[PDB]
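Okay, so here's the structure we're looking at.
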Amino acid sequence: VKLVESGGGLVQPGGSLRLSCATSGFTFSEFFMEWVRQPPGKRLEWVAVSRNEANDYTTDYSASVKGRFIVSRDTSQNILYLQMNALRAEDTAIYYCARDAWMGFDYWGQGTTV
Amino acid sequence: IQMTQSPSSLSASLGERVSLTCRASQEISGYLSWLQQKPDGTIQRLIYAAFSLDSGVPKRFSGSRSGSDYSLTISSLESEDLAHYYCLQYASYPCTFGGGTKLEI
Amino acid sequence: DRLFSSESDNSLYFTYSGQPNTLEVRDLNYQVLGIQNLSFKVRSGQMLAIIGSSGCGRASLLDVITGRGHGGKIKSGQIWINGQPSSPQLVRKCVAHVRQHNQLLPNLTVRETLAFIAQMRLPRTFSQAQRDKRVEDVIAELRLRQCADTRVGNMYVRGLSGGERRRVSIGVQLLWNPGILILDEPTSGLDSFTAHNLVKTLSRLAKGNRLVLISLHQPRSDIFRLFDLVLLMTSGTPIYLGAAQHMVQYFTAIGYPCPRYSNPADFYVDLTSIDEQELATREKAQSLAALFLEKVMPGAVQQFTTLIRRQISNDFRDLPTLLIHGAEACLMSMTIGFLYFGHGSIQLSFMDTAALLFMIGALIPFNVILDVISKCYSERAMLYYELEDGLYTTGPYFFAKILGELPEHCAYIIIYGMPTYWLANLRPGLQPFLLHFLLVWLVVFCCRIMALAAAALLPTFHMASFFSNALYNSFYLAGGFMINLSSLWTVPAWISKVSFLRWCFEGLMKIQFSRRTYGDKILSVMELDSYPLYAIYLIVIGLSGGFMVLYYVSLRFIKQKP
Amino acid sequence: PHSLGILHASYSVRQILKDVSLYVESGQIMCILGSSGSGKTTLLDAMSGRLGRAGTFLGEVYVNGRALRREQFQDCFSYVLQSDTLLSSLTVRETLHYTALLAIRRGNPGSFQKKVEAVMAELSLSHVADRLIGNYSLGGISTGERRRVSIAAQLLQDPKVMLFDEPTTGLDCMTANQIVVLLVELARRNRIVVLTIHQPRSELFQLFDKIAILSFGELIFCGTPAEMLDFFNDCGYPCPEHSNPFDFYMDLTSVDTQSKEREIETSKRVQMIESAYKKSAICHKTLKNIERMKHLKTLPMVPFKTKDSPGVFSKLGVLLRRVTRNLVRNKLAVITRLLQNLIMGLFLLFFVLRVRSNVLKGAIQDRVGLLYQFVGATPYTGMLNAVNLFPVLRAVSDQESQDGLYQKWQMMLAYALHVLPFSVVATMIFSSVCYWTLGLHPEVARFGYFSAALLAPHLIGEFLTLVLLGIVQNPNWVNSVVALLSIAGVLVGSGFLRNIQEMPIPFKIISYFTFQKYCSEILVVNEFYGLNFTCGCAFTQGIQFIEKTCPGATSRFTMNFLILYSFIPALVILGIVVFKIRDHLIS
């Protein structure tokens, strides 16, 4: 298992950004895909979840980003995508890419600064 | 479910026995995980279900439970222990994390 | 839909991986209410809710579909499961049934009983890690992680809530990953919010490539709003079959509009409900029925070990029952000891010692019968359901029950026999005391086996208790102390020959009065010198074996219907 | 017209009711909904004046302008329970006639029969007036007919304000709807009806005139169904189409006790709805109507019951005749009552079958065994009869004593009076069949003495079981306790197997309070007196065995008989006291 995050940079408030989470070493179609952010001076906070093929690739977001964030996955390349809209207001964090939340947060990534 | 981790900061010497306390607001029936965020940024799970250990984790880390207080005990602390620790619960939706504990040598 | 809890997780953690299961019923006609021309077809991924008269007497419609039934059995149609004709083997292999009354041990936690059911369900090829993973997936699928360590105790016990009990039952019936799920009144006796959450959980389970069938007599508005497919049954005949949201539009299109501020299910049930008036309302239901038609592993040793472990874990945690048993035993022992107190100036006579031994032998069977019958009838229904599910073939269950009840029986014998031999100042020594202890233990074990056989042979609790009391009285009168064991012509003599109480009395007499008289003359003048001690022990062992054989035959051949 | 007014009602003994304010008039029917812990049953019990002795009840209850005290509730308010405990072996006409005789006292039975006929015609019960109640599943009357019979028995006292505790729970949909229509008609016939329903149907919304909702004792809403819809639409929760407004408004005013946040949310919503209702005009209009009725002085007098209860002897005789007719009309009951001792004696004769009075191998042994079995089996049969036949009468008495008809000790006395002759006849026939066949000292005087000495312990055990059933609810526990007590008595008090002259002091003292000792002494003196023994051998005569077992029993035969026969009224008085405590430890 190996997770690589990318797509962080300097954006203006109200803009748009897309993060990329590369997966390697496991079947991308049977495990979940979770986005976990971390503010510079707060605790870890779960952002969104993208379920496996058994749930028809359904998504779900937290009560703070429901409507502004859009998470998707590409099965051809096993790369997770997180489309962020109306960001940089208070969503600046060190967003990480997790694999499983219901079976314990295991095999974390590297995280990127948004 | 709010996860209160204590203490907020801890400083010890090499070889000392460090114990971190995490308290859950509700009953999770032992569904607790311990994360270790290295200063470089890479996080790695050390103990899942509050009793077992992940692959590649040294046997110095152990998990215990006393009533409603989960404890992560680290014996024979080395120089590779300088990192942040976060306790989380995954028994009730949504999955919440802990306040965190900065362990410095 | 906005008044209920909405902060839940819509994820599916345990789905059915395999070919989609089907269920097709073609012109089902039941006879002894009156199902006529029932026909429907459901596939995996749909939730069929049978509303209205979903029963044909003592057996519901889902019991008829599965092949069960307490009433009649003469069928007139066909039932196709996964493209194959109906058969008990097929419904046992693919179809899962969740009854209305739960069968859960109160002294066990959720995780323990789930692991036990998984060990008795999964084949021997699955390792312990796979069983633990399956149990964790079943727990996470039904959102039972916050109560996985709490006990599942029934009423009069703390345990947990009713909805959590129903979820635990669903998980027990869902551990072996069934393709078709069947529940009879899942929301019976639950709160409104609890029933809504259970219906949402059942819908989520059906969404995971499964086929879930639900029977509900009077569903609420919020419950009817969550139905995927509905089947209206009135007096056995179907009225509507399809989507729940389209039922109102169909009834309005056939000339029966639903009034504003009125539940559709209740209105369409009491509109065609059977009441000179009975024939007038019958043709109305027949007209709608005809109108609807024109528009359309692991092994015996492993099972025995799991059963005995579950029984031990359930018995060693029931503190009140053990406390009452110990209190009764101590009270009986103290009464017997202080009534026949031999220490003092006046010693016990011969007839006093004889009556003391007879009472020691014949007073415990009453409480023994009572306790054994109560314990057997408190789980007869659970045993019948577990046997019908197909976990064990009642072979190892006999030995499991025997070896699980043996420790409590031995403890009870110790408590009943310790403050009894010393208070009465009987024959001093170790060998006579050990012989008396062993004889009392064997006699009480034989009585326990007789009680188990009488409980498994008769379905009624009162009738079984009456039969046990009749046998106990027949064995009591046949003893060698009441009717002298000599005034028996043909029937009482043969009854005494198979009476464990008479053999117990004779053994106690031969133990206490051999070469200890104040000689064998005291037994020569009586009729307790025609069988040696080892012969009495062998006869008691043979009676115990015969009662065990009878109990096994009754368990294997007689159905333990509640 | 009459009018019921409740103002600031509260029941603490843990604040079950909090500021209940209701107002009903004549010709209207008020329904009350609520959750499990809503406290509607407590409100009904406080209105009827039954559970007021357990905890203090505040507030005033105005009826026609006059405030009724805490003692006038049972004289104006009727209460129909949900258990529906009726005698199976009795007709509707006879049951209503007995109820009218216990309630009203006018004179010749013509007026009572006319009243019963009128009440049956009011509820349409003339077609089952000459049919046994029985069981609905065994071929008797249906559950709706039983509820109609109960309502008729309650209306026989001519009430004006009626209360119903869940009259539709336990029935099917059609029967529940019929009961609702019947209650609506009874309310429209110049009466006040206040009933509670667990979960009504959709067609029962427009049938009621006033609908009340209670949540943890707090009044959420009370008004017209149209006003109910208007208020719930103005509050911001419009009822959706095809949503069963009853269930919707029950779920909107409920507390979800599943998590720590949903409970707080539901509590906040309930409090907001209650605060919006307290500021509405409906509660103000209700309070204004209550205050106007309180200070009007134009409404007629408070309508009480028709008459008071008759004397104690008349009620006792009526209850005796009722229980006698109920016992005679049940063939199985009298069959068991008269044949239990017979089957016991036949089972003993199948083993003993004779006593060899010319051999010393088992003669004394057989006699002692027979006497022990008789003394240990007669109270067992009495307890069996009591446990099998009393609990139904006990439930009927518990249900009918709260209405002021009669007391429970009168029912116990009537049960004893009706059980005396049947037990006497059973013991007599059992002795006539078994005493002569066994050949136990054939003589007429000994026969009568044996009959009496086996009849007394039967009645003693039956009355002891009656007392224990009056003090303990569970019949199986009473059965086990009586069995253990009888075993202990026949083992200690009886000098057959213990030789009392050698038993310790505490057991010797305990044996003096047991009837088994006197029974065994009487039986020994009656058996081993006038016959000799031969071994063809401790003893040779019977007087030696008598002096060995009970030395001074020959001179105290009559004293033992007197004590055995005086043990009976003491148990009756103890049962009277037990029932005078039971009628206080339940309510």
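The chains in the structure tokens are called A, B, ... from first to last as shown; in each chain the residues are counted from 1, and the ligands are counted from 1 in the order shown.
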Do a neighbour search on region 38-46 of chain B at 10 Å with only C-alpha atoms, toss out local chain neighbours closer than 6 positions, and write the hits as a list in words. residues 94, 96, 98, 104, 105, 106, 107, 108, 109, 110, 111 and 112 of chain A; 52, 53, 54, 55, 56, 57, 58, 61, 62, 80, 81, 82, 83, 84, 85 and 86 of chain B
If you keep N, CA and C atoms, can you produce a file of those selected residues as a PDB file, in the first residue's frame?
ATOM      1  N   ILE A  94      -3.866  20.520   5.728  1.00  0.00           N
ATOM      2  CA  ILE A  94      -2.770  19.656   5.300  1.00  0.00           C
ATOM      3  C   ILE A  94      -3.358  18.357   4.759  1.00  0.00           C
ATOM      4  N   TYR A  96      -5.021  14.965   3.997  1.00  0.00           N
ATOM      5  CA  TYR A  96      -4.419  13.653   3.821  1.00  0.00           C
ATOM      6  C   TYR A  96      -5.387  12.725   3.099  1.00  0.00           C
ATOM      7  N   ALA A  98      -6.732   8.907   3.204  1.00  0.00           N
ATOM      8  CA  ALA A  98      -6.856   7.688   3.987  1.00  0.00           C
ATOM      9  C   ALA A  98      -7.532   6.600   3.164  1.00  0.00           C
ATOM     10  N   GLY A 104     -10.601   1.319  10.959  1.00  0.00           N
ATOM     11  CA  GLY A 104      -9.435   2.006  11.478  1.00  0.00           C
ATOM     12  C   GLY A 104      -8.659   2.733  10.401  1.00  0.00           C
ATOM     13  N   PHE A 105      -8.265   3.974  10.677  1.00  0.00           N
ATOM     14  CA  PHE A 105      -7.523   4.781   9.712  1.00  0.00           C
ATOM     15  C   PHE A 105      -6.117   4.212   9.573  1.00  0.00           C
ATOM     16  N   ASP A 106      -5.896   3.429   8.521  1.00  0.00           N
ATOM     17  CA  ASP A 106      -4.621   2.776   8.279  1.00  0.00           C
ATOM     18  C   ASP A 106      -4.063   3.195   6.925  1.00  0.00           C
ATOM     19  N   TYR A 107      -2.738   3.098   6.804  1.00  0.00           N
ATOM     20  CA  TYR A 107      -2.017   3.402   5.567  1.00  0.00           C
ATOM     21  C   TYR A 107      -2.291   4.836   5.108  1.00  0.00           C
ATOM     22  N   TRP A 108      -1.859   5.784   5.935  1.00  0.00           N
ATOM     23  CA  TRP A 108      -1.999   7.191   5.596  1.00  0.00           C
ATOM     24  C   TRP A 108      -0.990   7.581   4.518  1.00  0.00           C
ATOM     25  N   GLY A 109      -1.193   8.761   3.950  1.00  0.00           N
ATOM     26  CA  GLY A 109      -0.363   9.276   2.883  1.00  0.00           C
ATOM     27  C   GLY A 109       0.676  10.264   3.371  1.00  0.00           C
ATOM     28  N   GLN A 110       0.962  11.260   2.530  1.00  0.00           N
ATOM     29  CA  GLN A 110       1.952  12.281   2.840  1.00  0.00           C
ATOM     30  C   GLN A 110       1.351  13.645   3.143  1.00  0.00           C
ATOM     31  N   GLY A 111       0.205  13.978   2.556  1.00  0.00           N
ATOM     32  CA  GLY A 111      -0.427  15.260   2.796  1.00  0.00           C
ATOM     33  C   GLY A 111       0.196  16.394   2.011  1.00  0.00           C
ATOM     34  N   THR A 112      -0.631  17.342   1.576  1.00  0.00           N
ATOM     35  CA  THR A 112      -0.171  18.500   0.824  1.00  0.00           C
ATOM     36  C   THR A 112      -0.796  19.761   1.402  1.00  0.00           C
TER      37      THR A 112
ATOM     38  N   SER B  52      -4.754  -4.509  19.440  1.00  0.00           N
ATOM     39  CA  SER B  52      -3.852  -5.126  18.481  1.00  0.00           C
ATOM     40  C   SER B  52      -2.858  -4.104  17.937  1.00  0.00           C
ATOM     41  N   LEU B  53      -1.882  -4.603  17.181  1.00  0.00           N
ATOM     42  CA  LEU B  53      -0.849  -3.773  16.583  1.00  0.00           C
ATOM     43  C   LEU B  53      -0.789  -4.031  15.084  1.00  0.00           C
ATOM     44  N   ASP B  54      -0.384  -3.006  14.340  1.00  0.00           N
ATOM     45  CA  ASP B  54      -0.266  -3.114  12.896  1.00  0.00           C
ATOM     46  C   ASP B  54       1.029  -3.828  12.516  1.00  0.00           C
ATOM     47  N   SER B  55       1.172  -4.102  11.221  1.00  0.00           N
ATOM     48  CA  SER B  55       2.363  -4.768  10.713  1.00  0.00           C
ATOM     49  C   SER B  55       3.523  -3.783  10.648  1.00  0.00           C
ATOM     50  N   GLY B  56       4.692  -4.218  11.114  1.00  0.00           N
ATOM     51  CA  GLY B  56       5.868  -3.376  11.138  1.00  0.00           C
ATOM     52  C   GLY B  56       5.986  -2.470  12.343  1.00  0.00           C
ATOM     53  N   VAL B  57       5.053  -2.547  13.286  1.00  0.00           N
ATOM     54  CA  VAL B  57       5.084  -1.719  14.488  1.00  0.00           C
ATOM     55  C   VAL B  57       5.884  -2.448  15.561  1.00  0.00           C
ATOM     56  N   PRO B  58       6.829  -1.783  16.226  1.00  0.00           N
ATOM     57  CA  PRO B  58       7.591  -2.452  17.287  1.00  0.00           C
ATOM     58  C   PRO B  58       6.687  -2.896  18.428  1.00  0.00           C
ATOM     59  N   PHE B  61       4.935  -0.712  21.828  1.00  0.00           N
ATOM     60  CA  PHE B  61       3.637  -0.068  21.967  1.00  0.00           C
ATOM     61  C   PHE B  61       2.596  -1.083  22.418  1.00  0.00           C
ATOM     62  N   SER B  62       1.797  -0.706  23.414  1.00  0.00           N
ATOM     63  CA  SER B  62       0.743  -1.567  23.928  1.00  0.00           C
ATOM     64  C   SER B  62      -0.480  -0.723  24.252  1.00  0.00           C
ATOM     65  N   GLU B  80      13.258   7.886  17.974  1.00  0.00           N
ATOM     66  CA  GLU B  80      12.275   7.877  16.900  1.00  0.00           C
ATOM     67  C   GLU B  80      10.847   8.049  17.407  1.00  0.00           C
ATOM     68  N   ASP B  81      10.674   8.462  18.662  1.00  0.00           N
ATOM     69  CA  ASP B  81       9.353   8.634  19.248  1.00  0.00           C
ATOM     70  C   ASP B  81       8.870  10.078  19.232  1.00  0.00           C
ATOM     71  N   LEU B  82       9.697  11.019  18.783  1.00  0.00           N
ATOM     72  CA  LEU B  82       9.301  12.423  18.734  1.00  0.00           C
ATOM     73  C   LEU B  82       8.282  12.611  17.617  1.00  0.00           C
ATOM     74  N   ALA B  83       7.002  12.640  17.980  1.00  0.00           N
ATOM     75  CA  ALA B  83       5.921  12.783  17.014  1.00  0.00           C
ATOM     76  C   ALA B  83       4.645  13.120  17.770  1.00  0.00           C
ATOM     77  N   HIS B  84       3.572  13.330  17.014  1.00  0.00           N
ATOM     78  CA  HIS B  84       2.260  13.624  17.572  1.00  0.00           C
ATOM     79  C   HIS B  84       1.401  12.366  17.560  1.00  0.00           C
ATOM     80  N   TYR B  85       0.557  12.225  18.578  1.00  0.00           N
ATOM     81  CA  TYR B  85      -0.313  11.067  18.728  1.00  0.00           C
ATOM     82  C   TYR B  85      -1.760  11.530  18.803  1.00  0.00           C
ATOM     83  N   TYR B  86      -2.630  10.875  18.037  1.00  0.00           N
ATOM     84  CA  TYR B  86      -4.047  11.218  17.979  1.00  0.00           C
ATOM     85  C   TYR B  86      -4.869   9.952  18.156  1.00  0.00           C
TER      86      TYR B  86
END
Using only C-alpha atoms, find the residues of chain C whose closest atom to chain A is at most 12 Å away, then write them as JSON, numbers by chain. {"C": [6, 7, 8, 9, 10, 11, 12, 13, 14, 15, 16, 17, 18, 133, 136, 137, 139, 140, 141, 143, 145, 204, 205, 207, 208, 209]}
For residue 505 (chain C), please output as JSON, numbers by chain all residues within 8 Å (counting only C-alpha atoms; exclusion window: fewer than 3 positions along the same chain). {"C": [357, 358, 361, 479, 480, 481, 501, 502, 508, 509]}
How would the residues just chosen look if you wrote them out with C-alpha atoms as a PDB file, in the first residue's frame?
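out_32.pdb, freshly written:
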ATOM      1  CA  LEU C 357     -32.466 -42.076  54.395  1.00  0.00           C
ATOM      2  CA  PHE C 358     -35.799 -42.384  52.576  1.00  0.00           C
ATOM      3  CA  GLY C 361     -33.495 -40.051  48.685  1.00  0.00           C
ATOM      4  CA  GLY C 479     -40.144 -47.552  47.414  1.00  0.00           C
ATOM      5  CA  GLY C 480     -39.181 -50.099  50.035  1.00  0.00           C
ATOM      6  CA  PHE C 481     -40.309 -47.857  52.905  1.00  0.00           C
ATOM      7  CA  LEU C 501     -35.890 -44.321  44.599  1.00  0.00           C
ATOM      8  CA  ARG C 502     -36.251 -47.919  45.800  1.00  0.00           C
ATOM      9  CA  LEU C 508     -28.389 -46.409  51.656  1.00  0.00           C
ATOM     10  CA  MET C 509     -29.719 -49.163  53.928  1.00  0.00           C
TER      11      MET C 509
END
Would you list which chain D residues are within 12 Å of chain B using only C-alpha atoms, as a PyMOL selection string? chain D and resi 259-261
Put those residues in a file: N, CA, C and O atoms, as an mmCIF file, in the first residue's frame.
data_model
loop_
_atom_site.group_PDB
_atom_site.id
_atom_site.type_symbol
_atom_site.label_atom_id
_atom_site.label_comp_id
_atom_site.auth_asym_id
_atom_site.auth_seq_id
_atom_site.Cartn_x
_atom_site.Cartn_y
_atom_site.Cartn_z
ATOM 1 N N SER D 259 -30.298 8.399 21.150
ATOM 2 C CA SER D 259 -28.968 8.980 21.263
ATOM 3 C C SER D 259 -29.016 10.156 22.233
ATOM 4 O O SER D 259 -30.039 10.428 22.870
ATOM 5 N N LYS D 260 -27.892 10.861 22.339
ATOM 6 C CA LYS D 260 -27.774 11.996 23.243
ATOM 7 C C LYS D 260 -28.113 13.326 22.585
ATOM 8 O O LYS D 260 -28.316 14.315 23.296
ATOM 9 N N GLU D 261 -28.179 13.375 21.256
ATOM 10 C CA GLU D 261 -28.528 14.588 20.528
ATOM 11 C C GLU D 261 -29.945 14.570 19.979
ATOM 12 O O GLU D 261 -30.625 15.601 20.006
#
Write out as number ranges by chain all residues of region 17-107 of chain A that backbone DSSP assigns to strand (DSSP E). A: 17-24, 33-37, 45-50, 59-61, 69-74, 79-85, 96-98
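The space between CA of residue 160 (chain C) and CA of residue 311 (chain C) spans 20.7 Å.
Checking D:444, D:228, D:487, D:384 one by one against chain C, counting only C-alpha atoms, you find the shortest gap at D:487.
Of the residues under consideration (C:134, C:167, C:196, C:43), C:196 shows the shortest atom-to-atom contact distance to chain D when counting only C-alpha atoms.
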Using only C-alpha atoms, find the residues of chain B whose closest atom to chain A is at most 10 Å away, then write them as an MDAnalysis selection string. chainID B and resid 31:35 37 40:49 54 86:100
Report as number ranges by chain the set of chain D residues whose atoms approach chain C to within 7 Å, with distances computed over only C-alpha atoms. D: 202, 241-245, 252, 256, 262, 351-352, 362, 365-366, 369, 497-498, 503, 507
Can I get the residues of chain B within 6 Å of chain C, each with the closest pair of atoms and their distance in Å to one decimal, using only C-alpha atoms, sorted chain first then ascending number, as a Markdown table?
| residue | atom | partner | partner_atom | distance |
| --- | --- | --- | --- | --- |
| B:27 | CA | C:146 | CA | 5.8 |
| B:28 | CA | C:146 | CA | 4.9 |
| B:29 | CA | C:149 | CA | 5.6 |
| B:91 | CA | C:145 | CA | 5.0 |
Can you write out the residues you just picked, keeping N, CA, C and O atoms, as a CSV table (one decimal), in the first residue's frame?
chain,number,residue,atom,x,y,z
B,27,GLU,N,-19.7,5.2,24.8
B,27,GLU,CA,-19.2,3.9,24.8
B,27,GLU,C,-18.9,3.4,23.4
B,27,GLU,O,-19.8,3.4,22.5
B,28,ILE,N,-17.6,3.1,23.1
B,28,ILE,CA,-17.2,2.7,21.8
B,28,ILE,C,-16.9,1.2,21.8
B,28,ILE,O,-16.6,0.6,20.7
B,29,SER,N,-17.0,0.5,22.9
B,29,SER,CA,-16.8,-1.0,23.0
B,29,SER,C,-15.4,-1.4,22.5
B,29,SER,O,-15.3,-2.4,21.8
B,91,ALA,N,-16.5,3.7,16.0
B,91,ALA,CA,-17.6,2.9,16.3
B,91,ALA,C,-19.0,3.6,16.0
B,91,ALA,O,-20.0,2.9,15.8
Report as a list in words all protein, DNA and RNA residues lying within 7 Å of region 5-11 of chain A, evaluated on only C-alpha atoms, omitting residues in the same chain fewer than 3 positions from it. residues 15, 18, 19, 20, 21, 22, 88, 97, 109, 110, 111, 112, 113 and 114 of chain A
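With CA of residue 267 (chain D) on one side and CA of residue 226 (chain C) on the other, the separation reads 25.3 Å.
Coordinates place CA of residue 22 (chain C) at a distance of 7.6 Å from CA of residue 41 (chain C).
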